[PDB]
């Protein structure tokens, strides 16, 4: 049993990608549910669990059967405890791209997630670790990260800091292996 992962803060998405693409035997993404019809290049149980009934699904959402659910382009997408559970059995760390609320939900489901907050020291720090983002865009991330840490401090297993994404990624790697 491998513990599911949720990274948060600025650079979370690149960190998410790199973990999945650089260490593909240790990390995995789970299969979400969707009400969207399957396309010719998709496969049930691999791409998504395709559901036939948007109503059954809306009901399952209301009954907390998903740790995270959303709509995108007319269709519902949901991430279920069992999908998360299923990746973990296979000895892979489920890399989760989900909100900070999904962490308490995973905690309660007995999944024992590893939540990691990437914390920026300053506004320029964001510019250091997210050399891609703009001056307008880097600013609004510090605001999101401050309010994030103000609300979910007690949900973090660890908090990482750096002057480069190289330093931070390196650290995220170590936190995971340390806590398992």
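Positions refer to the first chain, counted from 1.
Asker: Tell me which stretch has the larger mean Cα B-factor in this entry, 86 to 94 or 73 to 81.
Answerer: Higher mean C-alpha B-factor: 86 to 94.
Asker: May I ask you to compare 43 to 51 and 115 to 123 by their mean CA B factor in the entry and name the higher one?
Answerer: Looking at the recorded C-alpha B-factors, 115 to 123 comes out higher on average.
Asker: Looking at 31, 61, 138, 155, which has the highest CA B-factor as recorded?
Answerer: Across 31, 61, 138, 155, the entry lists the biggest C-alpha B-factor for 138.
Asker: Would the CA B-factor of residue 27 place it in the lowest, middle or highest third of its chain?
Answerer: For residue 27, the deposited C-alpha B-factor lands in the middle third.
Asker: Quick check for you: using the entry's CA B-factors within this chain, is residue 133 in the lowest, middle or highest third?
Answerer: It falls in the top third of the chain.
Asker: Against its chain's modelled residues, does residue 147's Cα B factor rank lowest, middle or highest third?
Answerer: As the PDB entry reports it, the C-alpha B-factor of residue 147 lands in the highest third of its chain.
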